[PDB]
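Next up is one chain by itself, shown in structure tokens, the form deposited in one PDB entry.
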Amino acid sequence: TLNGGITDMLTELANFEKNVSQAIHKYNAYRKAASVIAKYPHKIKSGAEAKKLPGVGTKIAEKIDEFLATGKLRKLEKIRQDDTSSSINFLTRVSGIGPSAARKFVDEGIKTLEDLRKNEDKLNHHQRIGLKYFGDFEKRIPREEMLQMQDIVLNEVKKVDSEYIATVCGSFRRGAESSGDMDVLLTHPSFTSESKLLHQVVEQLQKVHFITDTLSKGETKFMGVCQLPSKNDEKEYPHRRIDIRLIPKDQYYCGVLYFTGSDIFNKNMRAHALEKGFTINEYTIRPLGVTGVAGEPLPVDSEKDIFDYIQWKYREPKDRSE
């Protein structure tokens, strides 16, 4: 919005650092900078102004000054005209092709979707599914479709065993008008820290032809593809990414809190937890002893139990953007 030109530039530099440079911490630095700028309530007018924000340092302030004076960044222009950097960058858009495989393909003259399709033999199973659904995976999911997807998953899970608990987390649980994918957290009273559960559920979703493809799957984590059924004369829906994570029941609501997010919120809640003598991670909340030693995990029967320990007013998922 106010600073969309700047945040595009920084996101473009981030993707380059990750995909071409293979410099994951510079990618994250650029993303962190773009996220604080996108949240700033003023149209930035200088590099110096931007450097006041956390995560923006000298180099990005100089890039902002150049962008503001000229409307472009020379570094980006050279990157965009570099065929190797652009080909590597494009290929990483396939799910399962990362910076390493992208660079490898491009070294041997494999640079286009068409090249991938003629070189299907050289792709692993995840990359093959990424290629198959290349356009669909980059489409967003309207909330009304997420709602329909929730009803299918929740119902079929219930048909396998009435005592499963399944929760759709991610941006959907925070009320987003659209989501990138579907995140399902699953548990069962029979699965604890100290004790086919996932397979049964996946198989059922396949039998009703909801789940169409499998990227990866083990005893606790399923990553795959699903699609809503359409009516006879309608256009078919896009295929969608869906993950299902089976979490032990004594860690479930810590799981739910973590996978709901958002990232900033989790961070701010973990910061506050320490301040009160507790430490939270994706699995547990533990009390901190006088010297700093983490104690045993506390009992957590609900998401609100976690806020109670750290004497926090319960935040509705709708309000967990920060």
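Numbers for residues come from their place in the sequence shown, where the first is 1.
K.L.:
Is there a break between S195 and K196, and how many deposited residues does it span: none, 1 to 3, 4 to 9, or 10 or more?
P.N.:
Unmodelled stretch: 4 to 9 residues.
K.L.:
When the C-alpha temperature factors are averaged for each of 256-264 and 23-31, which stretch ends up with the higher value in the entry?
P.N.:
Looking at the recorded C-alpha B-factors, 256-264 comes out higher on average.
K.L.:
Per the entry, where is the mean C-alpha temperature factor higher: 45-53 or 288-296?
P.N.:
According to the entry, 288-296 carries the higher average C-alpha B-factor.
K.L.:
Based on the PDB record, which member of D213, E138, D161, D183 exhibits the highest Cα temperature factor?
P.N.:
By C-alpha B-factor in the record, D161 ranks first.
K.L.:
Have a look at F222, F105, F90, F191 and flag the one whose Cα has the highest B-factor in the entry.
P.N.:
Top of the list by C-alpha B-factor: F191.
K.L.:
How does the C-alpha B factor of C226 compare with the rest of the chain: lowest, middle or highest third?
P.N.:
It falls in the bottom third of the chain.
K.L.:
Looking at the entry's B-factor column for C-alpha atoms only, identify whether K63 ranks in the lowest, middle or highest third of its chain.
P.N.:
Lowest third, going by the recorded CA B-factors of the chain.
K.L.:
Among all modelled residues of this chain, ranked by Cα B factor, put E114 in the bottom, middle or top third, i.e. lowest, middle or highest.
P.N.:
Within its chain, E114 is a middle-third residue by C-alpha B-factor, going by the deposited values.
K.L.:
Could you look up the Cα B-factor of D82 in the entry and say which third of the chain it sits in: lowest, middle or highest?
P.N.:
Middle third, going by the recorded CA B-factors of the chain.
K.L.:
Among all modelled residues of this chain, ranked by Cα B factor, put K18 in the bottom, middle or top third, i.e. lowest, middle or highest.
P.N.:
Its C-alpha B-factor, which the entry lists for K18, ranks in the lowest third among residues of this chain.
Although it is not shown, the form deposited in another entry is what the next lines describe.
K.L.:
Based on which superposition fits each C-alpha better between the shown form and the other one, do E77 and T112 belong to the same rigid part?
P.N.:
Yes, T112 belongs to the same rigid part as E77 (C-alpha assigned to the better-fitting superposition).
K.L.:
Over in the other structure, so in that other deposited form, do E303 and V160 pull closer or drift farther apart at the C-alpha level? The difference is 3 angstroms or more.
P.N.:
Residues separate in that other deposited form, at least 3 Å farther apart.
K.L.:
Hey, the CA atoms of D301 and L154 end up closer or farther in that other deposited form than in the shown form, with the change being 3 Å or more?
P.N.:
Distance between the C-alphas of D301 and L154: longer in that other deposited form, by 3 Å or more.
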